[PDB]
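The file model-v4.cif contains mmCIF, C-alpha atoms and all ligand atoms:
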data_work
loop_
_atom_site.label_atom_id
_atom_site.label_comp_id
_atom_site.auth_asym_id
_atom_site.auth_seq_id
_atom_site.Cartn_x
_atom_site.Cartn_y
_atom_site.Cartn_z
CA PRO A 1 -128.78 -166.29 59.86
CA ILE A 2 -125.71 -167.63 58.02
CA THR A 3 -122.55 -165.88 56.74
CA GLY A 4 -120.93 -167.21 53.58
CA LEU A 5 -117.18 -167.26 52.99
CA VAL A 6 -115.36 -167.98 49.76
CA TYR A 7 -111.59 -168.54 49.57
CA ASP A 8 -109.62 -170.68 47.14
CA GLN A 9 -105.86 -171.13 47.39
CA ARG A 10 -105.67 -171.32 43.59
CA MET A 11 -105.96 -167.53 43.48
CA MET A 12 -102.44 -167.36 44.99
CA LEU A 13 -101.00 -168.56 41.68
CA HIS A 14 -101.12 -165.10 40.11
CA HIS A 15 -97.64 -163.72 40.77
CA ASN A 16 -95.00 -161.20 39.70
CA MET A 17 -92.11 -163.14 38.22
CA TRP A 18 -89.72 -160.15 38.00
CA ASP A 19 -90.53 -158.53 41.37
CA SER A 20 -91.46 -161.25 43.85
CA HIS A 21 -91.83 -158.58 46.58
CA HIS A 22 -94.46 -156.59 44.67
CA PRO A 23 -97.08 -155.62 47.30
CA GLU A 24 -100.04 -157.36 45.57
CA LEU A 25 -98.77 -160.65 47.04
CA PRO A 26 -100.22 -164.15 46.78
CA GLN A 27 -100.15 -164.35 50.57
CA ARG A 28 -102.59 -161.43 50.86
CA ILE A 29 -105.45 -163.92 50.61
CA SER A 30 -103.83 -166.77 52.56
CA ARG A 31 -103.05 -164.40 55.43
CA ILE A 32 -106.66 -163.20 55.65
CA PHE A 33 -107.91 -166.78 55.50
CA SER A 34 -105.44 -167.83 58.24
CA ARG A 35 -106.58 -165.00 60.54
CA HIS A 36 -110.15 -166.27 60.14
CA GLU A 37 -109.00 -169.74 61.24
CA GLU A 38 -107.02 -168.59 64.27
CA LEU A 39 -109.89 -166.36 65.38
CA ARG A 40 -112.26 -169.37 64.98
CA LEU A 41 -114.42 -167.33 62.57
CA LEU A 42 -114.07 -169.82 59.71
CA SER A 43 -116.03 -172.56 61.50
CA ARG A 44 -118.90 -170.09 61.99
CA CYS A 45 -119.28 -169.43 58.23
CA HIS A 46 -120.83 -171.49 55.47
CA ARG A 47 -118.07 -172.17 52.94
CA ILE A 48 -119.10 -171.19 49.39
CA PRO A 49 -117.08 -172.80 46.57
CA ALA A 50 -115.11 -170.77 44.08
CA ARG A 51 -115.78 -171.22 40.36
CA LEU A 52 -114.50 -169.80 37.09
CA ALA A 53 -116.47 -166.96 35.61
CA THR A 54 -117.52 -167.72 32.05
CA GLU A 55 -116.60 -165.56 29.08
CA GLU A 56 -120.29 -164.73 28.64
CA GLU A 57 -120.31 -163.46 32.23
CA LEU A 58 -117.19 -161.37 31.59
CA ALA A 59 -119.05 -159.76 28.67
CA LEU A 60 -121.55 -158.30 31.13
CA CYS A 61 -118.98 -155.51 31.68
CA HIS A 62 -115.99 -156.05 29.37
CA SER A 63 -115.37 -155.81 25.64
CA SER A 64 -114.58 -158.94 23.64
CA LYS A 65 -111.21 -157.45 22.69
CA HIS A 66 -110.16 -157.03 26.32
CA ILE A 67 -111.37 -160.53 27.24
CA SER A 68 -109.48 -162.11 24.34
CA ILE A 69 -106.21 -160.35 25.15
CA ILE A 70 -106.17 -161.30 28.83
CA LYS A 71 -107.32 -164.81 27.94
CA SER A 72 -104.39 -165.17 25.51
CA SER A 73 -101.86 -164.36 28.26
CA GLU A 74 -102.51 -167.85 29.65
CA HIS A 75 -100.17 -169.39 27.04
CA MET A 76 -97.53 -166.62 26.73
CA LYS A 77 -93.79 -166.93 27.48
CA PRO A 78 -92.11 -164.76 30.16
CA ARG A 79 -90.74 -162.08 27.82
CA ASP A 80 -94.13 -161.79 26.07
CA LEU A 81 -95.91 -161.55 29.43
CA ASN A 82 -93.57 -158.80 30.62
CA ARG A 83 -94.12 -157.00 27.32
CA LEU A 84 -97.91 -157.19 27.59
CA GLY A 85 -98.12 -156.22 31.26
CA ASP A 86 -95.92 -153.18 30.64
CA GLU A 87 -98.50 -151.90 28.12
CA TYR A 88 -101.03 -151.25 30.93
CA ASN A 89 -100.87 -148.85 33.86
CA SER A 90 -99.49 -150.84 36.84
CA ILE A 91 -100.11 -154.43 35.78
CA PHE A 92 -98.05 -157.59 36.10
CA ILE A 93 -99.11 -160.86 34.42
CA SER A 94 -98.19 -164.52 34.82
CA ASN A 95 -99.53 -167.62 33.07
CA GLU A 96 -102.06 -168.09 35.91
CA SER A 97 -103.39 -164.50 36.02
CA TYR A 98 -106.37 -165.04 33.72
CA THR A 99 -107.58 -168.10 35.63
CA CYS A 100 -107.13 -166.28 38.94
CA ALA A 101 -109.16 -163.30 37.73
CA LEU A 102 -111.85 -165.75 36.54
CA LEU A 103 -111.92 -167.42 39.95
CA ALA A 104 -112.16 -164.10 41.76
CA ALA A 105 -115.22 -163.13 39.74
CA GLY A 106 -116.89 -166.56 39.87
CA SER A 107 -116.35 -166.71 43.62
CA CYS A 108 -118.28 -163.47 43.95
CA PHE A 109 -121.04 -164.66 41.61
CA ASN A 110 -121.56 -167.77 43.74
CA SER A 111 -121.64 -165.60 46.87
CA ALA A 112 -124.12 -163.13 45.42
CA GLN A 113 -126.28 -166.05 44.28
CA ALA A 114 -126.19 -167.54 47.79
CA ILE A 115 -127.28 -164.18 49.22
CA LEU A 116 -130.03 -163.52 46.68
CA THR A 117 -131.49 -167.02 47.04
CA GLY A 118 -131.54 -166.71 50.83
CA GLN A 119 -129.06 -169.49 51.54
CA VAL A 120 -126.89 -167.01 53.47
CA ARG A 121 -127.79 -163.59 54.83
CA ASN A 122 -124.41 -162.09 53.83
CA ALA A 123 -120.91 -163.17 52.79
CA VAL A 124 -117.21 -162.34 52.47
CA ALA A 125 -115.04 -163.01 49.40
CA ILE A 126 -111.28 -163.39 50.05
CA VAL A 127 -110.19 -163.01 46.43
CA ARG A 128 -107.35 -161.75 44.25
CA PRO A 129 -106.36 -160.15 41.87
CA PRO A 130 -108.50 -157.11 42.72
CA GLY A 131 -111.06 -155.53 40.40
CA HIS A 132 -112.16 -151.94 40.84
CA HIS A 133 -109.54 -150.29 38.58
CA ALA A 134 -110.39 -152.57 35.63
CA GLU A 135 -112.27 -150.80 32.82
CA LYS A 136 -114.58 -152.15 30.13
CA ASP A 137 -111.69 -152.27 27.63
CA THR A 138 -108.47 -152.40 29.66
CA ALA A 139 -106.69 -153.71 32.74
CA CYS A 140 -105.34 -151.24 35.27
CA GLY A 141 -103.85 -150.94 38.72
CA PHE A 142 -103.38 -154.66 39.48
CA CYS A 143 -106.93 -155.41 38.19
CA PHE A 144 -107.89 -157.45 35.10
CA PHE A 145 -111.70 -157.73 35.30
CA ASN A 146 -113.97 -155.60 37.47
CA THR A 147 -115.15 -158.20 39.97
CA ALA A 148 -117.58 -155.96 41.86
CA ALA A 149 -119.08 -154.47 38.68
CA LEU A 150 -119.48 -157.96 37.19
CA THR A 151 -121.15 -159.18 40.39
CA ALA A 152 -123.67 -156.34 40.27
CA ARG A 153 -124.60 -157.26 36.68
CA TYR A 154 -124.57 -160.98 37.48
CA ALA A 155 -126.96 -160.33 40.37
CA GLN A 156 -129.31 -158.41 38.07
CA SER A 157 -129.12 -161.30 35.58
CA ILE A 158 -130.48 -163.83 38.13
CA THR A 159 -133.09 -161.50 39.64
CA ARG A 160 -134.39 -158.63 37.53
CA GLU A 161 -132.57 -156.19 35.27
CA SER A 162 -133.33 -153.15 37.45
CA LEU A 163 -132.32 -154.72 40.78
CA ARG A 164 -130.97 -151.87 42.89
CA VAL A 165 -127.35 -152.63 43.74
CA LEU A 166 -125.29 -150.34 45.97
CA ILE A 167 -121.50 -150.52 45.59
CA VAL A 168 -119.59 -148.94 48.47
CA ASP A 169 -115.89 -148.68 47.62
CA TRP A 170 -113.81 -147.98 50.74
CA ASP A 171 -110.51 -149.01 49.17
CA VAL A 172 -108.24 -145.99 49.60
CA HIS A 173 -108.08 -145.57 45.80
CA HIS A 174 -110.86 -144.42 43.51
CA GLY A 175 -112.52 -147.27 41.63
CA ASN A 176 -112.19 -145.59 38.25
CA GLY A 177 -113.38 -148.71 36.43
CA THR A 178 -116.48 -149.13 38.57
CA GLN A 179 -117.51 -145.48 38.21
CA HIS A 180 -117.12 -145.58 34.43
CA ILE A 181 -118.94 -148.90 34.02
CA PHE A 182 -122.01 -147.54 35.82
CA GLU A 183 -121.68 -143.81 35.08
CA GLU A 184 -124.92 -143.71 33.04
CA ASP A 185 -126.77 -146.21 35.24
CA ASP A 186 -129.42 -145.52 37.89
CA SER A 187 -129.79 -149.18 38.90
CA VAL A 188 -126.26 -149.34 40.41
CA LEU A 189 -125.38 -146.60 42.91
CA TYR A 190 -121.60 -146.21 43.20
CA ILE A 191 -120.22 -144.55 46.36
CA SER A 192 -116.43 -144.24 46.68
CA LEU A 193 -114.35 -142.84 49.52
CA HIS A 194 -110.77 -142.27 48.43
CA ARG A 195 -107.55 -140.35 48.92
CA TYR A 196 -107.59 -137.76 46.13
CA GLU A 197 -105.02 -135.01 46.84
CA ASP A 198 -106.41 -132.80 44.06
CA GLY A 199 -105.75 -135.57 41.51
CA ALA A 200 -102.19 -136.40 42.62
CA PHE A 201 -103.00 -139.82 44.15
CA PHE A 202 -103.41 -142.98 42.06
CA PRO A 203 -105.21 -143.43 39.73
CA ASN A 204 -104.30 -139.77 39.13
CA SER A 205 -107.50 -138.53 37.47
CA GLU A 206 -109.93 -135.71 38.22
CA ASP A 207 -112.69 -138.26 37.44
CA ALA A 208 -112.48 -138.98 41.18
CA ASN A 209 -113.59 -135.51 42.28
CA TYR A 210 -116.86 -134.82 44.10
CA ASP A 211 -118.45 -133.05 41.13
CA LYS A 212 -118.68 -136.23 39.04
CA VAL A 213 -122.26 -137.11 39.96
CA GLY A 214 -123.13 -139.44 37.09
CA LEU A 215 -124.26 -138.95 33.52
CA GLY A 216 -127.57 -139.19 31.70
CA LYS A 217 -129.99 -141.51 33.46
CA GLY A 218 -127.17 -141.91 36.01
CA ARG A 219 -127.07 -138.30 37.25
CA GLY A 220 -127.03 -138.52 41.03
CA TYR A 221 -126.02 -142.19 41.16
CA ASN A 222 -122.24 -141.66 41.36
CA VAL A 223 -121.01 -140.31 44.69
CA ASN A 224 -117.31 -139.47 45.06
CA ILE A 225 -116.02 -138.60 48.55
CA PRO A 226 -112.46 -137.36 47.93
CA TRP A 227 -109.93 -136.72 50.72
CA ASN A 228 -107.29 -133.99 50.52
CA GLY A 229 -104.42 -132.94 52.77
CA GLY A 230 -104.83 -135.14 55.84
CA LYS A 231 -104.09 -138.55 57.36
CA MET A 232 -107.71 -139.59 57.46
CA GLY A 233 -108.91 -142.26 59.87
CA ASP A 234 -111.95 -143.50 61.79
CA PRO A 235 -113.33 -140.01 62.67
CA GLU A 236 -113.40 -138.90 59.04
CA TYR A 237 -114.85 -142.19 57.79
CA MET A 238 -117.52 -142.28 60.51
CA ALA A 239 -118.51 -138.70 59.60
CA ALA A 240 -118.64 -139.48 55.87
CA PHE A 241 -120.89 -142.46 56.58
CA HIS A 242 -123.12 -140.43 58.92
CA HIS A 243 -123.62 -137.41 56.65
CA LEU A 244 -123.39 -138.98 53.17
CA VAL A 245 -123.07 -142.75 52.68
CA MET A 246 -125.87 -143.90 54.93
CA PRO A 247 -128.53 -141.23 54.12
CA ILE A 248 -128.02 -141.60 50.36
CA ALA A 249 -127.98 -145.39 50.64
CA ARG A 250 -131.20 -145.42 52.67
CA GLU A 251 -132.97 -143.19 50.14
CA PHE A 252 -131.76 -145.38 47.26
CA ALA A 253 -133.06 -148.45 49.19
CA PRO A 254 -130.70 -151.02 47.66
CA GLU A 255 -131.74 -154.64 47.29
CA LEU A 256 -128.12 -155.84 47.40
CA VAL A 257 -125.01 -154.18 48.85
CA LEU A 258 -121.53 -154.90 47.48
CA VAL A 259 -118.47 -153.62 49.30
CA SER A 260 -115.35 -153.04 47.22
CA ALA A 261 -113.47 -153.63 50.45
CA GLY A 262 -109.87 -152.63 49.89
CA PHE A 263 -108.01 -152.40 53.17
CA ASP A 264 -105.31 -149.97 52.06
CA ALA A 265 -106.81 -147.10 54.04
CA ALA A 266 -105.81 -149.10 57.11
CA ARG A 267 -103.34 -148.05 59.77
CA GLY A 268 -99.99 -149.53 58.70
CA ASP A 269 -100.62 -149.77 54.97
CA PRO A 270 -97.37 -149.06 53.05
CA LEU A 271 -99.22 -147.19 50.25
CA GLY A 272 -102.41 -145.62 51.60
CA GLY A 273 -101.00 -143.30 54.26
CA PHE A 274 -104.28 -143.38 56.24
CA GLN A 275 -105.18 -144.73 59.68
CA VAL A 276 -108.54 -146.53 59.62
CA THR A 277 -108.48 -149.14 62.39
CA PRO A 278 -109.94 -152.65 62.38
CA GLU A 279 -112.67 -151.43 64.70
CA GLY A 280 -113.34 -148.63 62.22
CA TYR A 281 -113.93 -151.16 59.44
CA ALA A 282 -116.14 -153.15 61.79
CA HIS A 283 -118.32 -150.10 62.41
CA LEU A 284 -118.55 -149.36 58.69
CA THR A 285 -119.57 -152.97 58.06
CA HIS A 286 -122.12 -152.90 60.87
CA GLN A 287 -123.76 -149.78 59.42
CA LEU A 288 -124.05 -151.23 55.91
CA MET A 289 -125.74 -154.31 57.42
CA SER A 290 -128.77 -152.09 58.11
CA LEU A 291 -129.40 -151.84 54.35
CA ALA A 292 -130.91 -154.31 51.85
CA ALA A 293 -132.32 -156.48 54.66
CA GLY A 294 -128.72 -157.32 55.54
CA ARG A 295 -127.80 -158.59 52.06
CA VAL A 296 -124.13 -157.51 52.08
CA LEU A 297 -121.25 -159.04 50.11
CA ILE A 298 -117.76 -157.91 51.16
CA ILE A 299 -115.27 -158.24 48.28
CA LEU A 300 -111.53 -157.91 48.88
CA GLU A 301 -109.89 -155.24 46.73
CA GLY A 302 -106.55 -153.69 47.71
CA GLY A 303 -104.69 -153.55 51.00
CA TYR A 304 -101.00 -154.36 51.37
CA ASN A 305 -100.02 -154.63 55.05
CA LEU A 306 -100.57 -158.36 55.60
CA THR A 307 -101.25 -157.96 59.33
CA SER A 308 -103.53 -154.93 58.83
CA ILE A 309 -105.66 -156.47 56.08
CA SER A 310 -105.98 -159.76 57.98
CA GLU A 311 -107.19 -158.09 61.16
CA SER A 312 -109.37 -155.59 59.29
CA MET A 313 -111.26 -158.01 57.09
CA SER A 314 -111.66 -160.56 59.92
CA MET A 315 -113.39 -157.86 61.96
CA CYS A 316 -115.77 -157.24 59.04
CA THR A 317 -116.65 -160.95 58.94
CA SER A 318 -117.16 -160.84 62.70
CA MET A 319 -119.80 -158.15 62.22
CA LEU A 320 -121.48 -160.05 59.39
CA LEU A 321 -121.70 -162.99 61.82
CA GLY A 322 -123.66 -160.78 64.22
CA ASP A 323 -120.97 -160.00 66.77
CA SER A 324 -121.38 -156.68 68.50
CA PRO A 325 -119.23 -153.78 67.24
CA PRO A 326 -115.96 -153.22 69.09
CA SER A 327 -115.45 -149.84 70.72
CA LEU A 328 -113.81 -147.08 68.69
CA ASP A 329 -111.16 -144.85 70.17
CA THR A 330 -111.27 -136.72 67.81
CA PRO A 331 -112.26 -133.62 65.80
CA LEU A 332 -112.30 -134.03 62.04
CA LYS A 333 -109.29 -132.82 60.12
CA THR A 334 -110.50 -129.49 58.77
CA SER A 335 -110.09 -130.55 55.13
CA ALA A 336 -112.33 -133.56 55.74
CA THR A 337 -115.18 -131.28 56.77
CA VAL A 338 -114.63 -129.36 53.52
CA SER A 339 -114.71 -132.56 51.46
CA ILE A 340 -117.95 -133.69 53.10
CA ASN A 341 -119.61 -130.31 52.56
CA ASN A 342 -118.54 -130.29 48.90
CA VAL A 343 -120.21 -133.67 48.37
CA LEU A 344 -123.27 -132.51 50.32
CA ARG A 345 -123.75 -129.55 47.98
CA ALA A 346 -123.06 -131.65 44.89
CA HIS A 347 -125.66 -134.31 45.77
CA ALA A 348 -128.45 -132.62 47.76
CA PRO A 349 -130.14 -131.81 44.39
CA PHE A 350 -130.56 -135.55 43.86
CA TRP A 351 -131.00 -136.84 47.42
CA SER A 352 -133.59 -135.12 49.61
CA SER A 353 -132.12 -136.74 52.73
CA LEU A 354 -129.10 -134.38 52.39
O1 LIG B 401 -104.23 -150.81 45.63
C1 LIG B 401 -104.31 -150.27 44.59
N1 LIG B 401 -105.63 -150.07 44.05
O2 LIG B 401 -106.76 -150.52 44.75
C2 LIG B 401 -103.06 -149.77 43.86
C3 LIG B 401 -101.99 -149.31 44.61
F1 LIG B 401 -102.06 -149.32 45.97
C4 LIG B 401 -100.84 -148.85 43.98
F2 LIG B 401 -99.78 -148.40 44.70
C5 LIG B 401 -100.76 -148.84 42.61
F3 LIG B 401 -99.64 -148.38 42.00
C6 LIG B 401 -101.82 -149.29 41.85
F4 LIG B 401 -101.70 -149.26 40.50
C7 LIG B 401 -102.97 -149.76 42.48
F5 LIG B 401 -104.00 -150.20 41.73
K K B 402 -112.57 -146.12 47.03
K K B 403 -124.11 -145.16 38.76
ZN ZN B 404 -106.35 -149.52 46.60
#
Go ahead and express the file in the form of C-alpha cells.
Amino acid sequence: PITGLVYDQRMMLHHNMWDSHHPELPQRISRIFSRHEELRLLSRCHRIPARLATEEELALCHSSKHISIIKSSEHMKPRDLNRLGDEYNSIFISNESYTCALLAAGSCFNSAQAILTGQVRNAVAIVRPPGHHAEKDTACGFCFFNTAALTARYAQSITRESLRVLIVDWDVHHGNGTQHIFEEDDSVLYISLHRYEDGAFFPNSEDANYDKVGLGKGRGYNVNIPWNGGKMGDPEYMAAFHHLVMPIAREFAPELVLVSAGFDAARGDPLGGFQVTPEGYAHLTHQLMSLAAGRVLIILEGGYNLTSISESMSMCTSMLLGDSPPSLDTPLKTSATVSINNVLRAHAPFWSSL
C-alpha cells in the first residue's frame, strides 16, 4: 500500500524572461514539494525518479511538426523565443522549456508504470509546465505537450491498446487539448469540470459545452460539466461528482485513473474565481480512489495561488496515503443545478446509471 511521488527541481528552469511575475511560476512546484516536507508527507511516499520523455513517446499524441518546433526552441536566442511564443495563444518559452516539458511527461510515464506494475498503489506528480491545453499540433495556454493524454497512451502501450483510462480534469479550465485528442476514442473517457460562462472563460470555445459528447466510436466518452454564473465551490463539485462523475466512471470501469489536477478552482486563486477548499479536493480524491482498484495518478495542471495549490495538492496526497477525509463545511447555486441537469440529459443515452 505505497504512494509514489515524483518531483524534480529541474522543472523550475522553464521561466518567463520578460514577465518574471507571470503566474505560471517556477516556484509553483517547489512550493507544493515544500508543503509535503513540512507536513511530513514526503517521507511516507516512495520517490519515483523523473525522466525525459522520448520523441517517440511524444508522437503518441503530437505531430512531428509540433515536436520539431518546440524542440528547436532549445537553441533559440531571446528575441526569437519571444517571437515564437507570441505565435501561440498564451505561451511563453525559454531555452529550458522543451526539456521541462519532456521531464513533466516522463515523470508521469514513470509514475503510471509504477502503478500499472503494482510497485505503488497510486501516485502524485508535481510537474510543470502543465499539459491539458496542448493540442496534437500546437501549444496553448502555458502547455507544450499534453502530459495527461500522453500518459494515457503510454499506459496503453505497456499494457494493452484498449486499456480503459479515465481522465478527470478538475482544473478550472477546460482541457481543450485532452478532449480533442480523445474525441473519437472509447478507450479513454474524458470528464472535465470547468468554468464556462457561455464560452467567455478561457480557452474561450463552445467546444467546452455539455453537448459535446464525443464523436464516432467516442460518442458518450467525452463528458463536459460546464459552470455558468456562480462562484462554485465544494457543494457544486460534490454534487457533480455524486450525480455525474462517479456513476459514469463506475459504469465505464476504468483500469487506470488520471487526474488532470489543476488547483485553480481553489479558494484564493487569482484567475479561477471559484472557492473549492483543500478539504473539497481531498474528498474528490478520496472518491476517485474507489475506482480502478485504487490506481490513481494525480497530475499537476494549473493553479496559481502558491499557498492554495500547496495546501490543496498536499491534501490529495494525504488521501492517496490512506488518511481519512477531513470534514467539509450549503444549497447549490441555482445555475449549478441547471448545468448538472443539462449534462444528465446529454449523457443518460450513453450511461444507464444516469
Ligand atoms: O491555468 C490555465 N489553464 O489550465 C490558464 C490560465 F489560468 C490563464 F489565465 C490563461 F491565460 C491561460 F492561457 C491558461 F492556460
Ligand atoms: K477542467
Ligand atoms: K473520449
Ligand atoms: Zn487552469
Counting only C-alpha atoms and all ligand atoms, what are the residues of chain A within 9 Å of ligand K 403 (chain B), and for each of them which pair of atoms is the nearest and at what distance in Å, to one decimal? Sort the table by chain and rising number, as a Markdown table.
| residue | atom | partner | partner_atom | distance |
| --- | --- | --- | --- | --- |
| A:166 | CA | B:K403 | K | 9.0 |
| A:178 | CA | B:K403 | K | 8.6 |
| A:179 | CA | B:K403 | K | 6.6 |
| A:180 | CA | B:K403 | K | 8.2 |
| A:181 | CA | B:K403 | K | 7.9 |
| A:182 | CA | B:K403 | K | 4.3 |
| A:183 | CA | B:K403 | K | 4.6 |
| A:184 | CA | B:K403 | K | 6.0 |
| A:185 | CA | B:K403 | K | 4.5 |
| A:186 | CA | B:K403 | K | 5.4 |
| A:187 | CA | B:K403 | K | 7.0 |
| A:188 | CA | B:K403 | K | 5.0 |
| A:189 | CA | B:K403 | K | 4.6 |
| A:190 | CA | B:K403 | K | 5.2 |
| A:191 | CA | B:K403 | K | 8.6 |
| A:213 | CA | B:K403 | K | 8.3 |
| A:214 | CA | B:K403 | K | 6.0 |
| A:215 | CA | B:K403 | K | 8.1 |
| A:217 | CA | B:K403 | K | 8.7 |
| A:218 | CA | B:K403 | K | 5.2 |
| A:219 | CA | B:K403 | K | 7.6 |
| A:220 | CA | B:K403 | K | 7.6 |
| A:221 | CA | B:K403 | K | 4.3 |
| A:222 | CA | B:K403 | K | 4.7 |
| A:223 | CA | B:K403 | K | 8.3 |
Could you pull out the residues sitting within 6 Å of ligand ZN 404 (chain B), using all atoms listed in the file, and write them as a list in words? residues 171, 172, 173, 262, 264 and 302 of chain A
Around ligand K 402 (chain B), at most 7 Å away and counting all atoms listed in the file, which residues are there? Put them as a ChimeraX atom specification, please. /A:169-175,192-194
To check your reading of the model: which residues sit at most 7 Å from ligand LIG 401 (chain B) when counting all atoms listed in the file? Write the answer as an mmCIF file with C-alpha atoms, in the frame of the given file.
data_model
loop_
_atom_site.group_PDB
_atom_site.id
_atom_site.type_symbol
_atom_site.label_atom_id
_atom_site.label_comp_id
_atom_site.auth_asym_id
_atom_site.auth_seq_id
_atom_site.Cartn_x
_atom_site.Cartn_y
_atom_site.Cartn_z
ATOM 1 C CA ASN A 89 -100.870 -148.850 33.860
ATOM 2 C CA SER A 90 -99.490 -150.840 36.840
ATOM 3 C CA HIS A 132 -112.160 -151.940 40.840
ATOM 4 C CA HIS A 133 -109.540 -150.290 38.580
ATOM 5 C CA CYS A 140 -105.340 -151.240 35.270
ATOM 6 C CA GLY A 141 -103.850 -150.940 38.720
ATOM 7 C CA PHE A 142 -103.380 -154.660 39.480
ATOM 8 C CA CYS A 143 -106.930 -155.410 38.190
ATOM 9 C CA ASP A 171 -110.510 -149.010 49.170
ATOM 10 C CA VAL A 172 -108.240 -145.990 49.600
ATOM 11 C CA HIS A 173 -108.080 -145.570 45.800
ATOM 12 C CA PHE A 202 -103.410 -142.980 42.060
ATOM 13 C CA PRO A 203 -105.210 -143.430 39.730
ATOM 14 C CA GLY A 262 -109.870 -152.630 49.890
ATOM 15 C CA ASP A 264 -105.310 -149.970 52.060
ATOM 16 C CA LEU A 271 -99.220 -147.190 50.250
ATOM 17 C CA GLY A 272 -102.410 -145.620 51.600
ATOM 18 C CA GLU A 301 -109.890 -155.240 46.730
ATOM 19 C CA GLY A 302 -106.550 -153.690 47.710
ATOM 20 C CA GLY A 303 -104.690 -153.550 51.000
#
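Considering only C-alpha atoms, the residue among A:27, A:352, A:339, A:9 positioned nearest to residue 229 (chain A) is A:339.
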Could I see region 100-111 of chain A restored to N, CA, C and O atoms, set down as a JSON list (two decimals), in the frame of the given file?
[["chain", "number", "residue", "atom", "x", "y", "z"],
["A", 100, "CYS", "N", -106.88, -166.85, 37.62],
["A", 100, "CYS", "CA", -107.13, -166.28, 38.94],
["A", 100, "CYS", "C", -108.17, -165.18, 38.89],
["A", 100, "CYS", "O", -109.04, -165.10, 39.77],
["A", 101, "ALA", "N", -108.13, -164.33, 37.85],
["A", 101, "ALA", "CA", -109.16, -163.30, 37.73],
["A", 101, "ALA", "C", -110.53, -163.93, 37.50],
["A", 101, "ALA", "O", -111.54, -163.43, 38.01],
["A", 102, "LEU", "N", -110.59, -165.03, 36.73],
["A", 102, "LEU", "CA", -111.85, -165.75, 36.54],
["A", 102, "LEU", "C", -112.38, -166.28, 37.86],
["A", 102, "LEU", "O", -113.59, -166.21, 38.13],
["A", 103, "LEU", "N", -111.50, -166.86, 38.67],
["A", 103, "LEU", "CA", -111.92, -167.42, 39.95],
["A", 103, "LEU", "C", -112.40, -166.33, 40.89],
["A", 103, "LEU", "O", -113.36, -166.53, 41.64],
["A", 104, "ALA", "N", -111.73, -165.18, 40.87],
["A", 104, "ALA", "CA", -112.16, -164.10, 41.76],
["A", 104, "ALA", "C", -113.58, -163.68, 41.43],
["A", 104, "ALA", "O", -114.41, -163.51, 42.33],
["A", 105, "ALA", "N", -113.88, -163.54, 40.14],
["A", 105, "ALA", "CA", -115.22, -163.13, 39.74],
["A", 105, "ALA", "C", -116.25, -164.21, 40.04],
["A", 105, "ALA", "O", -117.30, -163.94, 40.64],
["A", 106, "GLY", "N", -115.96, -165.45, 39.64],
["A", 106, "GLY", "CA", -116.89, -166.56, 39.87],
["A", 106, "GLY", "C", -117.15, -166.83, 41.33],
["A", 106, "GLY", "O", -118.27, -167.22, 41.71],
["A", 107, "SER", "N", -116.13, -166.65, 42.18],
["A", 107, "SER", "CA", -116.35, -166.71, 43.62],
["A", 107, "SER", "C", -117.39, -165.70, 44.07],
["A", 107, "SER", "O", -118.25, -166.01, 44.91],
["A", 108, "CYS", "N", -117.32, -164.48, 43.55],
["A", 108, "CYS", "CA", -118.28, -163.47, 43.95],
["A", 108, "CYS", "C", -119.66, -163.73, 43.37],
["A", 108, "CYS", "O", -120.65, -163.43, 44.03],
["A", 109, "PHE", "N", -119.74, -164.28, 42.15],
["A", 109, "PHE", "CA", -121.04, -164.66, 41.61],
["A", 109, "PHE", "C", -121.71, -165.70, 42.50],
["A", 109, "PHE", "O", -122.90, -165.59, 42.83],
["A", 110, "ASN", "N", -120.98, -166.75, 42.87],
["A", 110, "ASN", "CA", -121.56, -167.77, 43.74],
["A", 110, "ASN", "C", -122.02, -167.17, 45.06],
["A", 110, "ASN", "O", -123.08, -167.55, 45.58],
["A", 111, "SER", "N", -121.25, -166.23, 45.61],
["A", 111, "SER", "CA", -121.64, -165.60, 46.87],
["A", 111, "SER", "C", -122.88, -164.74, 46.70],
["A", 111, "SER", "O", -123.79, -164.76, 47.54]]
